[PDB]
Amino acid sequence: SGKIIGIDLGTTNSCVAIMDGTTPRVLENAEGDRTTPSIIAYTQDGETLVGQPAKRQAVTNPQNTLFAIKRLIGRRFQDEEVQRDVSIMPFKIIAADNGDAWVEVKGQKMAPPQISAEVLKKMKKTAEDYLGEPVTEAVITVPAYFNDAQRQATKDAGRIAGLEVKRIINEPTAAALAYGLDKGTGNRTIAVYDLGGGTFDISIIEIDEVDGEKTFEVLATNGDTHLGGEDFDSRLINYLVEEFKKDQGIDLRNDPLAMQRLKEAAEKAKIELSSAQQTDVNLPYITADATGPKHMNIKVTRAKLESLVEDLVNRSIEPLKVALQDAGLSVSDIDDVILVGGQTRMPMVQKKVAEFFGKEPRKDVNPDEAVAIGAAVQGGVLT
Ligand SMILES: Nc1ncnc2c1ncn2[C@@H]1O[C@H](COP(=O)(O)OP(=O)(O)O)[C@@H](O)[C@H]1O
Ligand SMILES: [Mg+2]
Numbered sequence: 001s002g003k004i005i006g007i008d009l010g011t012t013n014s015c016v017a018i019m020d021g022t023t024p025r026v027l028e029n030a031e032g033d034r035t036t037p038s039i040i041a042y043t044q045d046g047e048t049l050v051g052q053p054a055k056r057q058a059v060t061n062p063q064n065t066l067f068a069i070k071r072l073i074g075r076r077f078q079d080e081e082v083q084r085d086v087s088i089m090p091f092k093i094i095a096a097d098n099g100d101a102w103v104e105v106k107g108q109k110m111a112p113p114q115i116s117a118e119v120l121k122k123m124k125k126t127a128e129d130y131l132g133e134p135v136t137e138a139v140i141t142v143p144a145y146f147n148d149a150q151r152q153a154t155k156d157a158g159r160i161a162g163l164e165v166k167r168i169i170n171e172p173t174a175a176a177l178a179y180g181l182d183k184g185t186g187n188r189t190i191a192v193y194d195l196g197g198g199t200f201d202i203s204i205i206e207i208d209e210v211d212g213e214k215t216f217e218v219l220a221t222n223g224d225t226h227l228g229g230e231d232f233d234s235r236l237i238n239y240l241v242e243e244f245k246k247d248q249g250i251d252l253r254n255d256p257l258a259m260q261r262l263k264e265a266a267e268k269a270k271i272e273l274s275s276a277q278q279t280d281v282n283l284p285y286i287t288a289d290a291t292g293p294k295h296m297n298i299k300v301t302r303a304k305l306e307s308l309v310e311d312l313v314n315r316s317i318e319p320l321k322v323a324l325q326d327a328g329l330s331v332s333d334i335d336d337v338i339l340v341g342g343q344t345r346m347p348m349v350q351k352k353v354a355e356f357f358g359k360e361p362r363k364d365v366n367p368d369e370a371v372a373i374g375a376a377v378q379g380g381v382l383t
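The end of the sequence shown is residue 383 by PDB author numbering, with every number in the run present.
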């Protein structure tokens, strides 16, 4: 029946949503999850894995497990983001013959859109599995700061995935549509605070009712492309390494398998601490030595997590001030504050944002779902 999907093609994760009549519905993937890791593995035996199945095999296949491709897409190999990433990514980043930032996978040169297209194919299949019918139309989101090359390379990923890309929309504009900030009257200035797995974006968006149609303008954009939830995980991981050093003599940083388990356990404990006051990190058989297997069992309070990440939360505030100054505005000129991204579910982040703007952020949608939902709302406007 010709159905247009909304896709959040995120740095860390991806989300796919749809109009179910008048109501947006985020879809569950083949693994039962409403979010799919933006991770693509080319296995030794010839399979292409995407999402949590690729995440599981990553430490067995570091060369051919790709992730963070949103950092490369539409960029040149000499871009400062790309040069920073060359020495930290375990997969091989290369210059194309035209100077573009490409990847080499099992000896094959590939452009970033060919890799991101595997994420988009999974979002497409995820929609087809829920609907019981083909899906070939999409709205896809990008950061507001993306230039024509990054937008066009994102379009190219959709085309390679077999999607007719009806429209590339800004992420904070999609978030405004999901929060229903179009079902209003007059002028409306909004702050979109977006804290994902890898990036922090602040966008100030003006929204005028004029001539019966609603205008949308990005007045200012700021942030930090190296501030996200993975950095919050890293603070908890480093705490868990040092407590296990103190209590059992072992530096777990030597054991790269123990470290894959510890990262996973730190993220789970962080996420539990958004709704509980304390949790346990319990990893049986975490490592072993001459005296046999060791077991990690460490209580983590929410207050301990908050102390480990406070300066990361405080880094998000200076780009808010600069964004307001570039827009020519004060906190009182902001009518609505919306949160986007899974890391904004943390009570400390919500409270710091509410405190800075002097108003409680809206609650209409999940922060981690807003970009995909708004892409779907925009798709339904074109249906
Ligand atoms: N309830 C939660 N509490 C704290 N952090 C969370 C929670 N849910 C998800 N996160 C974190 O949010 C990040 C995912 O952000 P997300 O918006 O999905 O990424 P993307 O940048 O790809 O849009 C991860 O670091 C994840 O651990
Ligand atoms: Mg995001």
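Positions of the beta carbon are idealized from the N, C-alpha and C atoms, including for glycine.
Proximity of the beta carbon of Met346 to ligand 1 is indicated: a heavy atom of the ligand is located closer than 8 Å.
Taking a C-beta distance under 9 Å as the contact criterion, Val349 and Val313 qualify as a contact pair.
A distance below 7 Å between beta-carbons, with the five flanking residues on each side excluded, links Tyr130 to the following residues of its chain, in chain order: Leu27. Residues of the same chain with a CB within less than 7 Å of the CB of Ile169, apart from the 5 flanking positions on each side, are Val139, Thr141, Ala375, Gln378 in chain order.
Of the heavy atoms belonging to ligand 1, none sits nearer than 8 Å to the Cβ of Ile73.
Leaving aside the five residues that flank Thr11 on each side, the residues in its chain whose CB is nearer than 8 Å to its CB run, in chain order, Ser38, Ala68, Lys70, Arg71, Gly196, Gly197, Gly198, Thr199, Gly228.
Taking the Cβ atoms as the reference, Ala323 lies roughly 5 Å from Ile202, within the contact range of under 8 Å.
Rounded to whole angstroms, the separation of the alpha carbons of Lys92 and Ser234 is 23 Å. Within its own chain, the residues whose Cβ lies closer than 7 Å to the Cβ of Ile373, once the five positions on either side in sequence are excluded, are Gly6, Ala17, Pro24, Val26, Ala178, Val365, listed in chain order. Burial state of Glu81 is exposed, judged by a 10 Å Cβ sphere holding fewer than 16 other Cβ atoms. For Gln114, the closest of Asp148, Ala157, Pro172, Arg75 by C-alpha to C-alpha distance is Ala157. Just measuring C-alpha positions, the residue of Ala191, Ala111, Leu240 sitting nearest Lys304 is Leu240. In the structure shown, the three-state DSSP call for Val381 is helix.
Distance from the CA atom of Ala101 to the CA atom of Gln83, rounded to whole angstroms, is 9 Å.
Each of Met19, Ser1, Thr48, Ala111 was checked against the Cα of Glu118, and the nearest Cα belongs to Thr48. If you draw a 10 Å sphere on the C-beta of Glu171, you find 16 or more other C-beta atoms in it, and that means buried. Classified as buried, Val309 has 16 or more neighbouring CB atoms from the shown chains inside 10 Å of its CB.
Annotation for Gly99: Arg76, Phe77, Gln78 place their beta carbon closer than 8 Å to its own, counting only its chain and skipping 5 residues before and after. Apart from the 5 residues on each side of it in sequence, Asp333 sits with its Cβ closer than 7 Å to the Cβ of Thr189 in its chain, given in chain order. Relative to ligand 2, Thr36 has its C-beta separated by 8 Å or more from all heavy atoms. Taking a C-beta distance under 9 Å as the contact criterion, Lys109 and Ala30 do not qualify as a contact pair.
Rounded to whole angstroms, the separation of the alpha carbons of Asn238 and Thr291 is 25 Å. If you look at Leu9, you'll find it in the beta strand (DSSP E) that goes 4-9. Nearest in C-alpha terms to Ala144, of all of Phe216, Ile88, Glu242, is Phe216. With a cutoff of 9 Å on beta-carbon distance, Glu137 and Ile4 are scored as near each other. Annotation for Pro24: no alpha helix (DSSP H) segment contains it, though the beta strand (DSSP E) segment containing it runs 23-26. Taking C-beta atoms as the reference points, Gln150 and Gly223 fail to come closer than 9 Å.
As the crow flies, the alpha-carbon of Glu369 is around 14 Å from that of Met123. With a cut-off of 8 Å, the C-beta of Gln343 is classified as near ligand 1, since at least one heavy atom of the ligand falls inside that distance.
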